[PDB]
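Dumped my_file-v2.pdb below, it's PDB, N, CA, C and O atoms:
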ATOM      1  N   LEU A   1    -159.350  -1.981 -27.933  1.00  0.00           N
ATOM      2  CA  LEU A   1    -159.944  -1.408 -26.716  1.00  0.00           C
ATOM      3  C   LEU A   1    -159.319  -2.083 -25.511  1.00  0.00           C
ATOM      4  O   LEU A   1    -158.883  -3.215 -25.648  1.00  0.00           O
ATOM      5  N   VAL A   2    -159.273  -1.414 -24.333  1.00  0.00           N
ATOM      6  CA  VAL A   2    -158.672  -2.027 -23.149  1.00  0.00           C
ATOM      7  C   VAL A   2    -159.236  -1.382 -21.897  1.00  0.00           C
ATOM      8  O   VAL A   2    -158.483  -0.968 -21.028  1.00  0.00           O
ATOM      9  N   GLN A   3    -160.583  -1.286 -21.780  1.00  0.00           N
ATOM     10  CA  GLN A   3    -161.172  -0.659 -20.596  1.00  0.00           C
ATOM     11  C   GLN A   3    -162.668  -0.882 -20.519  1.00  0.00           C
ATOM     12  O   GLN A   3    -163.282  -1.080 -21.555  1.00  0.00           O
ATOM     13  N   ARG A   4    -163.252  -0.829 -19.297  1.00  0.00           N
ATOM     14  CA  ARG A   4    -164.705  -0.877 -19.119  1.00  0.00           C
ATOM     15  C   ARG A   4    -165.111   0.464 -18.546  1.00  0.00           C
ATOM     16  O   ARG A   4    -164.236   1.209 -18.137  1.00  0.00           O
ATOM     17  N   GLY A   5    -166.423   0.796 -18.493  1.00  0.00           N
ATOM     18  CA  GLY A   5    -166.830   2.056 -17.873  1.00  0.00           C
ATOM     19  C   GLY A   5    -166.416   2.101 -16.419  1.00  0.00           C
ATOM     20  O   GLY A   5    -166.045   3.164 -15.945  1.00  0.00           O
ATOM     21  N   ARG A   6    -166.468   0.959 -15.693  1.00  0.00           N
ATOM     22  CA  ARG A   6    -166.046   0.961 -14.292  1.00  0.00           C
ATOM     23  C   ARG A   6    -164.594   1.371 -14.177  1.00  0.00           C
ATOM     24  O   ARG A   6    -164.265   1.948 -13.154  1.00  0.00           O
ATOM     25  N   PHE A   7    -163.719   1.099 -15.175  1.00  0.00           N
ATOM     26  CA  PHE A   7    -162.336   1.584 -15.111  1.00  0.00           C
ATOM     27  C   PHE A   7    -162.050   2.721 -16.071  1.00  0.00           C
ATOM     28  O   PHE A   7    -160.929   3.205 -16.059  1.00  0.00           O
ATOM     29  N   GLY A   8    -163.021   3.186 -16.894  1.00  0.00           N
ATOM     30  CA  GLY A   8    -162.799   4.357 -17.737  1.00  0.00           C
ATOM     31  C   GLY A   8    -163.294   5.636 -17.101  1.00  0.00           C
ATOM     32  O   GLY A   8    -162.886   6.687 -17.565  1.00  0.00           O
ATOM     33  N   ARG A   9    -164.182   5.601 -16.077  1.00  0.00           N
ATOM     34  CA  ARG A   9    -164.775   6.841 -15.575  1.00  0.00           C
ATOM     35  C   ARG A   9    -165.298   6.640 -14.171  1.00  0.00           C
ATOM     36  O   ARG A   9    -166.486   6.788 -13.931  1.00  0.00           O
ATOM     37  N   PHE A  10    -164.390   6.293 -13.229  1.00  0.00           N
ATOM     38  CA  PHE A  10    -164.796   6.013 -11.852  1.00  0.00           C
ATOM     39  C   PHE A  10    -163.801   6.683 -10.936  1.00  0.00           C
ATOM     40  O   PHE A  10    -163.142   6.016 -10.156  1.00  0.00           O
ATOM     41  N   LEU A  11    -163.687   8.025 -11.048  1.00  0.00           N
ATOM     42  CA  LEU A  11    -162.655   8.752 -10.311  1.00  0.00           C
ATOM     43  C   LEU A  11    -161.314   8.362 -10.892  1.00  0.00           C
ATOM     44  O   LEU A  11    -160.412   8.016 -10.147  1.00  0.00           O
ATOM     45  N   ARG A  12    -161.191   8.412 -12.243  1.00  0.00           N
ATOM     46  CA  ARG A  12    -159.970   7.970 -12.922  1.00  0.00           C
ATOM     47  C   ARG A  12    -159.650   8.896 -14.079  1.00  0.00           C
ATOM     48  O   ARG A  12    -158.584   9.491 -14.060  1.00  0.00           O
ATOM     49  N   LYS A  13    -160.546   9.032 -15.090  1.00  0.00           N
ATOM     50  CA  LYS A  13    -160.274   9.898 -16.237  1.00  0.00           C
ATOM     51  C   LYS A  13    -161.307  11.003 -16.260  1.00  0.00           C
ATOM     52  O   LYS A  13    -161.773  11.352 -17.334  1.00  0.00           O
ATOM     53  N   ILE A  14    -161.670  11.558 -15.079  1.00  0.00           N
ATOM     54  CA  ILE A  14    -162.701  12.598 -15.017  1.00  0.00           C
ATOM     55  C   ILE A  14    -162.810  13.165 -13.614  1.00  0.00           C
ATOM     56  O   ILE A  14    -162.744  14.378 -13.494  1.00  0.00           O
ATOM     57  N   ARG A  15    -162.974  12.332 -12.555  1.00  0.00           N
ATOM     58  CA  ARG A  15    -163.076  12.863 -11.194  1.00  0.00           C
ATOM     59  C   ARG A  15    -164.205  13.870 -11.119  1.00  0.00           C
ATOM     60  O   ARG A  15    -165.318  13.457 -10.834  1.00  0.00           O
ATOM     61  N   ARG A  16    -163.967  15.177 -11.375  1.00  0.00           N
ATOM     62  CA  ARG A  16    -165.051  16.159 -11.351  1.00  0.00           C
ATOM     63  C   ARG A  16    -165.829  15.998 -10.067  1.00  0.00           C
ATOM     64  O   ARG A  16    -167.028  15.773 -10.093  1.00  0.00           O
ATOM     65  N   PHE A  17    -165.119  16.115  -8.923  1.00  0.00           N
ATOM     66  CA  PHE A  17    -165.783  16.017  -7.624  1.00  0.00           C
ATOM     67  C   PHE A  17    -166.557  17.304  -7.452  1.00  0.00           C
ATOM     68  O   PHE A  17    -166.337  18.205  -8.244  1.00  0.00           O
ATOM     69  N   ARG A  18    -167.476  17.434  -6.469  1.00  0.00           N
ATOM     70  CA  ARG A  18    -168.259  18.667  -6.367  1.00  0.00           C
ATOM     71  C   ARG A  18    -167.394  19.915  -6.455  1.00  0.00           C
ATOM     72  O   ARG A  18    -167.652  20.699  -7.357  1.00  0.00           O
ATOM     73  N   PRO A  19    -166.362  20.181  -5.610  1.00  0.00           N
ATOM     74  CA  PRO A  19    -165.541  21.373  -5.803  1.00  0.00           C
ATOM     75  C   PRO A  19    -164.658  21.352  -7.038  1.00  0.00           C
ATOM     76  O   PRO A  19    -164.057  22.385  -7.282  1.00  0.00           O
ATOM     77  N   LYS A  20    -164.559  20.240  -7.808  1.00  0.00           N
ATOM     78  CA  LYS A  20    -163.795  20.226  -9.062  1.00  0.00           C
ATOM     79  C   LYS A  20    -162.314  20.268  -8.752  1.00  0.00           C
ATOM     80  O   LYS A  20    -161.817  21.357  -8.517  1.00  0.00           O
ATOM     81  N   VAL A  21    -161.604  19.108  -8.743  1.00  0.00           N
ATOM     82  CA  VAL A  21    -160.194  19.080  -8.349  1.00  0.00           C
ATOM     83  C   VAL A  21    -159.326  18.665  -9.522  1.00  0.00           C
ATOM     84  O   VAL A  21    -158.657  19.521 -10.079  1.00  0.00           O
ATOM     85  N   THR A  22    -159.296  17.373  -9.925  1.00  0.00           N
ATOM     86  CA  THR A  22    -158.425  16.964 -11.027  1.00  0.00           C
ATOM     87  C   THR A  22    -159.035  17.401 -12.337  1.00  0.00           C
ATOM     88  O   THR A  22    -158.283  17.750 -13.233  1.00  0.00           O
ATOM     89  N   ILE A  23    -160.382  17.412 -12.482  1.00  0.00           N
ATOM     90  CA  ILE A  23    -160.965  17.943 -13.715  1.00  0.00           C
ATOM     91  C   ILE A  23    -160.365  19.297 -14.018  1.00  0.00           C
ATOM     92  O   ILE A  23    -160.197  19.604 -15.186  1.00  0.00           O
ATOM     93  N   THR A  24    -160.037  20.119 -12.991  1.00  0.00           N
ATOM     94  CA  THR A  24    -159.446  21.427 -13.259  1.00  0.00           C
ATOM     95  C   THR A  24    -158.064  21.250 -13.845  1.00  0.00           C
ATOM     96  O   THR A  24    -157.721  21.975 -14.763  1.00  0.00           O
ATOM     97  N   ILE A  25    -157.261  20.286 -13.336  1.00  0.00           N
ATOM     98  CA  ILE A  25    -155.938  20.045 -13.916  1.00  0.00           C
ATOM     99  C   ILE A  25    -156.142  19.688 -15.374  1.00  0.00           C
ATOM    100  O   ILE A  25    -155.474  20.257 -16.223  1.00  0.00           O
ATOM    101  N   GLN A  26    -157.069  18.754 -15.685  1.00  0.00           N
ATOM    102  CA  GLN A  26    -157.317  18.421 -17.087  1.00  0.00           C
ATOM    103  C   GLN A  26    -157.755  19.672 -17.818  1.00  0.00           C
ATOM    104  O   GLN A  26    -157.286  19.914 -18.917  1.00  0.00           O
ATOM    105  N   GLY A  27    -158.659  20.478 -17.218  1.00  0.00           N
ATOM    106  CA  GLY A  27    -159.139  21.682 -17.884  1.00  0.00           C
ATOM    107  C   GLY A  27    -158.014  22.650 -18.150  1.00  0.00           C
ATOM    108  O   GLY A  27    -158.076  23.353 -19.146  1.00  0.00           O
ATOM    109  N   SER A  28    -156.981  22.721 -17.281  1.00  0.00           N
ATOM    110  CA  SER A  28    -155.871  23.629 -17.549  1.00  0.00           C
ATOM    111  C   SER A  28    -155.155  23.164 -18.796  1.00  0.00           C
ATOM    112  O   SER A  28    -154.894  23.976 -19.670  1.00  0.00           O
ATOM    113  N   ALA A  29    -154.830  21.855 -18.896  1.00  0.00           N
ATOM    114  CA  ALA A  29    -154.124  21.371 -20.079  1.00  0.00           C
ATOM    115  C   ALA A  29    -154.993  21.542 -21.306  1.00  0.00           C
ATOM    116  O   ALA A  29    -154.525  22.082 -22.297  1.00  0.00           O
ATOM    117  N   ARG A  30    -156.263  21.081 -21.257  1.00  0.00           N
ATOM    118  CA  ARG A  30    -157.124  21.159 -22.434  1.00  0.00           C
ATOM    119  C   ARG A  30    -157.309  22.606 -22.829  1.00  0.00           C
ATOM    120  O   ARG A  30    -157.122  22.925 -23.994  1.00  0.00           O
ATOM    121  N   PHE A  31    -157.676  23.481 -21.864  1.00  0.00           N
ATOM    122  CA  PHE A  31    -157.902  24.894 -22.156  1.00  0.00           C
ATOM    123  C   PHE A  31    -156.800  25.690 -21.500  1.00  0.00           C
ATOM    124  O   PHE A  31    -156.822  25.904 -20.298  1.00  0.00           O
TER     125      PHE A  31
END

Once more with this new file: its structure as C-alpha cells, please.
Amino acid sequence: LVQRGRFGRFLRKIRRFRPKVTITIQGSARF
C-alpha cells in the first residue's frame, strides 16, 4: 500500500465536483 484517504480521494482520484469535471474524463475511459 502507498496512500492515505487524504491522498487517495481529495480532489485526486475522483474530483466529482458539483458540475462533474474530471470524473467525466474517468467516466469516458471507464464507460

6 Å per side around stretch 6-23 of chain A: axis-aligned box centre and edge lengths, as JSON:
{"center_x": -163.3, "center_y": 11.7, "center_z": -11.7, "size_x": 22.0, "size_y": 33.4, "size_z": 24.1}

Requested in this report: Find the residues around stretch 1-14 of chain A up to 8 Å (all atoms listed in the file counted), leave out those fewer than 4 positions away in its own chain, and share them as a ChimeraX atom specification.
Outcome: /A:20-24,26

Query - All helix (DSSP H, G or I) positions in chain A, as JSON, numbers by chain - result: {"A": [5, 6, 7, 8, 22, 23, 24, 25, 26, 27, 28, 29, 30]}
